[PDB]
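> Sequence first, structure after; it's an experimental one.
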Number of protein chains: 2
Amino acid sequence: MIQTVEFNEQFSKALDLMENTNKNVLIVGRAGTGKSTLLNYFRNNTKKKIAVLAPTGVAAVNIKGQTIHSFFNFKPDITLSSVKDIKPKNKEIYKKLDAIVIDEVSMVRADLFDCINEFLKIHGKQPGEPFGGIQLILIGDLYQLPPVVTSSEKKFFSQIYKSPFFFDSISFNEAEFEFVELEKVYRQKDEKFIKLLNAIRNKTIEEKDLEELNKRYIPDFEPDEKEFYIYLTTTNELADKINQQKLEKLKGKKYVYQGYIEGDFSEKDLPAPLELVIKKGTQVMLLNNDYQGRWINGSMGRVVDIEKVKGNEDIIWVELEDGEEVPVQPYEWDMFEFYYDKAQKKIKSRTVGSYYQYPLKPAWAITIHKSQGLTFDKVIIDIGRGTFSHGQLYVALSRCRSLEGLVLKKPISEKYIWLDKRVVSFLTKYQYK
Amino acid sequence: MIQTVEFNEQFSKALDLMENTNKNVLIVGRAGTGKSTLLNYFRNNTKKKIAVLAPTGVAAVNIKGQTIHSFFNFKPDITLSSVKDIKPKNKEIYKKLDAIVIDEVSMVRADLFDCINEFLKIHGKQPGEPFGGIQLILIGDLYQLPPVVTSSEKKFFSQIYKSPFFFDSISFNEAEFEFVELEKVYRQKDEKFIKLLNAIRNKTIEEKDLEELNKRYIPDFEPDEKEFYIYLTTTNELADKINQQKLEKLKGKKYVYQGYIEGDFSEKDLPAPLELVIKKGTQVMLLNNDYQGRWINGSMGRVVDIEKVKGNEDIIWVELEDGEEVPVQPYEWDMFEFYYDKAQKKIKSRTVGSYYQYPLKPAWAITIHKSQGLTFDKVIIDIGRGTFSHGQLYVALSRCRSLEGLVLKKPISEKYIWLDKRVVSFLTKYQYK
Ligand SMILES: Nc1ncnc2c1ncn2[C@@H]1O[C@H](COP(=O)(O)OP(=O)(O)O)[C@@H](O)[C@H]1O
Ligand SMILES: Nc1ncnc2c1ncn2[C@@H]1O[C@H](COP(=O)(O)OP(=O)(O)O)[C@@H](O)[C@H]1O
């Protein structure tokens, strides 16, 4: 229960809208703003009978949340008509809930948002009113690739929703959300990078500074066995090839570790891959924040000599960016579920599942979607390799930390870097309202 | 320099034909016989500058010998025409060789035998017609299945060779081959079963023994969990799926061990599987002979708690058929290659490859072909599934030890056990010559 979080104007304004008011609110930052920090400070220090949810199972386990389809008992094929037949597991709850938070709201499609509103409108405190009158708190990175919509759905989805963004859902317009944008980049020496990114957001590109970009299209391929460059790909398939090809053409023995599921857990979504295949000298990424304060979620390293085990489970030493030769051991992930405790006036969260695996994954290459909400010091913006579609360039650039660590494989650097101005329309509406 | 071999008439007659004479010889056993015993006693205690070969890489590593393709530089697709263009790696050798042994000759197809004869006809010591004069010693079990012949090659193979068995090759006919059959059953004592099996051999079975066979012809199932049983299948696909089905169902944690290849080896013929996926409580097969004298090749067991005490490597504790608790650790297999050294005026064997892996594999089900030369106390004979072969039943029955341990999946059985009388013809020719 600590207080070491630097309460600035935006932070204090957001907490004001959150706790003392019961208004629907939308808080955005871009990577470093304190989205998880603000959410969790509210989460720990409130008595407001709240429920914290997240779109994916990976996002839910990280925030210790409830994996929304599970919280509402939504089948993978849910629709605005089938939602009406859903019987709540925990019917007694959603009458008592005062507020509900949703993290990483960027990747919640419009149809699912409308299903949520209908569900809370029928089972909420005040039925008929938006969300049953329950205060809704949205937290996410607007500067994100919209939720994909398969080719089959495309024809009629285009006719129901203007965009797969959550903010183009009919329920979001009929309800008023106070807008708060986190602008402060904490623990960030990324000076002039965010100014460049904000310049790319607007029409202020200052193409002298655009060609100040044109300086880092080096090719000559290459990297180093030391410089920890990560490839950002558009699809799993390409990231999956770079991980394997780098894993091959590499000597030493491979070590394979199988994740263990206790209780109930889906595969996917797993934070760490189920089969951890590590050779000596393998570039890896750590997928959780260390309690002991040694590495963070996304801290890259290089697998080094494993000492083998004493009578406990074996460890994987890793050579971090700064040093560091840290012993990584398997980490326990838990899958929560919120419920009301009839005994007292409180909503408790029991754990229905456990998952055990080394918190690491091969980190020679990653996909943009997998790297949502992460910044890497040295990145490689690789080939498409089948379509570099509209507005994917601003997101990929927003994955980087500095310009002197950015290497652009293809020197494309042209006039569709622009953030995909559906978002831009939404932001210019709310910032000036 | 061991002398513990109890040199029975058959044995002394076979060694006499081997050592003092230079005649081609054909020794057959029934896998309880002294085949490996005779081969290794001759191998160790001789001064005859010989070369020991085996068809597969697995059979070669077990006998500490070389594969036929490796010794002759035979490409996987060799034909009798292309053999003439093969340049020997070690041309100088095959002038010095006095004898050549070939173990597990049962699984040597006719075309390969003719290629061997042609090669030694061209490069051998005094390279005339009979293998270039090199004395050939063949050792194998005739009671095993013939070497498979793909459907494509079948049409024209059928017209050149009457059967894919080695004795229907050409060379053999114009080859003086003394015949010795090890018929005496080396104990573990085979009392009722070998008499019944030999009765099926000579088609002299009695319907008293058919009815006494029909007694273990029962429907239903299950293995008594401890009680070790195995399902002998016709195909890898069926047997290996049963190993997976028993492995998924059973609870606990998975442990994955990767074999390490040093130098040069093969991925097709490995003694232990390359990826050992082992759960606690899993039936295993202990697939090599322990020097310390704790378990034999084929001695089945059930994995019990794996004590991962390390500062080098962890140990897999296994409960044998009698008892038990043996610590199984990785075993080193080596791939030899013979060469002639004028300095010692003899045939030395250097090791060009090494393979390290725990000598274990899941043993809920294995294929007849994999289990060549083995007897198991408790066997489950399925239907193939389906109608196994013309003559697969006799081999499957010859895999068993006793009738009070053989369990036949289904009573259909009517009479198709009969030995594959191409073998019967050959055996009645040589036994009465
Ligand atoms: N508002 C803030 N006050 C104090 N520290 C912050 C704040 N925002 C970010 N930080 C620092 O930055 C780090 C990452 O913040 P985080 O909450 O993960 O940002 P986001 O959730 O936007 O990714 C935290 O470890 C914290 O130390
Ligand atoms: N000549 C022999 N003298 C004594 N015991 C033998 C002899 N041959 C075989 N045995 C017994 O049979 C076992 C297997 O013999 P082996 O040569 O491996 O048979 P095969 O080659 O037919 O599998 C040996 O462990 C041994 O105890």
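Alright, I've got the coordinates. Numbers count the residues shown, from 1 in each chain, chains lettered A, B, ... in the order given. Ligands and ions are numbered 1, 2, ... in the order given.
> list the contacts for the residue in chain A positioned nearest to ligand 1?
In chain A, the residue that lies nearest ligand 1 is residue A:34 (2.5 Å; Cβ to the nearest ligand atom). C-betas here are computed from N, CA, C, even on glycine. Residues in contact with residue A:34 (Cβ atoms under 8 Å, 6 or more residues apart in numbering or on different chains) are A:5, A:11, A:182, A:184, A:186.
> rerun that using 6 Å as the cut-off
Residues near residue A:34 by Cβ atoms under 6 Å, 6 or more residues apart in numbering or on different chains: residue A:182.
> how far away is residue A:127 from chain B?
Here residue A:127 is placed at a distance of 45 Å from chain B (Cβ to the nearest Cβ, to the nearest Å).
> ok, that residue to residue A:83 distance?
From residue A:127 across to residue A:83, the span is 14 Å (Cβ to Cβ, to the nearest Å).
> Quick check on the residue nearest to residue A:223 when sequence neighbours are not counted: phi, psi?
Computed as Cβ to Cβ, 6 or more residues apart in numbering or on different chains, the closest residue to residue A:223 that is not its neighbour in sequence is residue A:229, at 4.9 Å. Main-chain torsions, residue A:229, degrees, to the nearest 10: phi -60, psi 130.
> Next: residue A:140.
Dihedral angles (degrees, to the nearest 10) for residue A:140: phi -170, psi 180.
> Please list all residues in contact with residue A:171.
Contacts of residue A:171 were listed using Cβ under 6 Å, 6+ apart, and they are A:113, A:114, A:117.
> Give the helix, strand or coil label for it.
Assigned with DSSP: H, G, I helix; E, B strand; the rest coil, residue A:171 falls in the helix class.
> Helix, strand, or coil at the residue nearest in space to the middle of chain A?
Centroid-nearest residue in chain A, with Cα atoms, centre = their mean: residue A:372, separated by 4.6 Å. Judged by three-state DSSP, the three-state class of residue A:372 is coil.
> separation between it and chain B?
Between residue A:372 and chain B the computed distance is 30 Å (Cβ to the nearest Cβ).
> Equivalent analysis for residue A:325, please.
Remark: distance between residue A:325 and chain B (Cβ to the nearest Cβ) = 19 Å.
> Count the residues that sit near that residue.
The number of residues packed near residue A:325 is 11, by other Cβ atoms under 10 Å in any protein chain shown.
> Run through the helices of the stretch 51-200 of chain A in chain order.
According to DSSP state H, counting those that start in this stretch, the stretch 51-200 of chain A carries its helices in the segments A:57-63, A:110-123, A:151-160, A:170-173, A:193-201.
> Show me which residues of the stretch 51-200 of chain A sit near ligand 1.
By Cβ under 6 Å from any ligand atom, the residues of the stretch 51-200 of chain A that approach ligand 1 are A:186, A:187.
> what about the strands in the stretch 51-200 of chain A?
Using DSSP state E, counting those that start in this stretch, the strands found in the stretch 51-200 of chain A span residues A:99-103, A:135-140, A:177-181.
> Reformat the ones you listed as CSV; add mean neighbour count.
Listed next are those as CSV, based on neighbours: other Cβ atoms under 10 Å in any protein chain shown:
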stretch, mean neighbour count
strand A:99-103, 24
strand A:135-140, 23
strand A:177-181, 18
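> Out of those strands, flag the one nearest residue B:234.
When the strands of the stretch 51-200 of chain A are compared by Cβ to Cβ, strand A:99-103 sits nearest residue B:234, at 55.3 Å.
> Near chain B, which residues of chain A? Just list them.
A:253, A:254, A:256, A:258, A:260, A:308, A:309, A:311 (Cβ under 6 Å from any Cβ of the partner chain).
> Which among those residues count as buried?
By neighbour count, with 16 or more other Cβ atoms under 10 Å in any protein chain shown, the residues of chain A next to chain B hold A:254, A:256, A:260 as buried.
> Show me the beta-bridge partners of the last one.
Spelled out, it's residue A:260. Here residue A:260 shows beta-bridge partners residue A:356, assigned using DSSP bridges.
> circling back: the residue nearest to residue A:223 reaches residue A:378, doesn't it?
Yes: the pair formed by residue A:229 and residue A:378 meets the contact definition of Cβ atoms under 6 Å, at 4.9 Å.
> From residue A:202, how far out is the residue of chain A closest to ligand 1?
Residue A:34 sits 23 Å away from residue A:202, going by Cβ to Cβ.
> circling back: from residue A:219, how far out is the residue nearest to residue A:223?
13 Å.
> For the two, indicate the residue with more neighbours.
Each of residue A:229 and residue A:219 has its neighbours counted (other Cβ under 10 Å); residue A:229 has more, 21 against 10.
> list the contacts for that one?
When the contact criterion is Cβ under 6 Å, 6+ apart, the partners of residue A:229 are A:223, A:378, A:380.
> For residue B:122, state which of those is nearest.
Once Cβ to Cβ is applied, the member of the contacts of residue A:229 that ends up nearest residue B:122 is residue A:223, at 53.8 Å.
> Am I right that that closest one sits in a helix?
No: assessed with three-state DSSP, residue A:223 is coil; it does not lie in a helix.
> what's the neighbour count on it?
For residue A:223, the count of nearby residues is 13 (other Cβ under 10 Å).
> and residue A:36, what does it touch?
Residues in contact with residue A:36 (Cβ under 6 Å, 6+ apart): none are found.
> That one belongs to a helix?
Yes: under three-state DSSP, residue A:36 sits within a helix.
> How much space separates it from residue A:271?
Using Cβ to Cβ, residue A:36 is found at 15 Å from residue A:271.
> what do you get for residue A:255?
From residue A:255 to residue A:271 the distance is 19 Å (Cβ to Cβ).
> what's the nearest residue to the residue of the stretch 251-400 of chain A found nearest ligand 2 if we skip its chain neighbours?
For the stretch 251-400 of chain A, the nearest residue to ligand 2 under the criterion Cβ to the nearest ligand atom is residue A:253, separated by 33.2 Å. Spatial nearest neighbour of residue A:253, chain neighbours left out: residue B:260 (5.4 Å); criterion: Cβ to Cβ, 6+ apart.
> The one you found reaches residue B:355, doesn't it?
No: with contact defined as Cβ under 6 Å, residue B:260 does not reach residue B:355; the gap is 7.3 Å.
> where's residue A:395, which helix or strand?
Assigned by DSSP states H and E, residue A:395 belongs to helix A:392-398.
> Identify all contacting residues around that helix.
A:143, A:145, A:232, A:368, A:381, A:417, A:419.
> Report whether it contacts ligand 1.
No: Helix A:392-398 is not in contact with ligand 1 by Cβ under 6 Å from any ligand atom; minimum separation 12.0 Å.
> Report the next helix or strand after that helix in sequence order.
That would be, after helix A:392-398 and using DSSP H and E, strand A:406-408.
> what about that next one, distance to the chain center?
Between the centre of strand A:406-408 and the centre of its chain there are 23 Å (Cα atoms, centre = their mean, to the nearest Å).
> For burial, what's the neighbour tally of the residue lying closest to residue A:45 once chain neighbours are set aside?
Among residues not flanking residue A:45 along the chain, residue A:1 sits closest, at 7.2 Å (Cβ to Cβ, 6+ apart). Counted with other Cβ under 10 Å, the neighbours of residue A:1 add up to 4.
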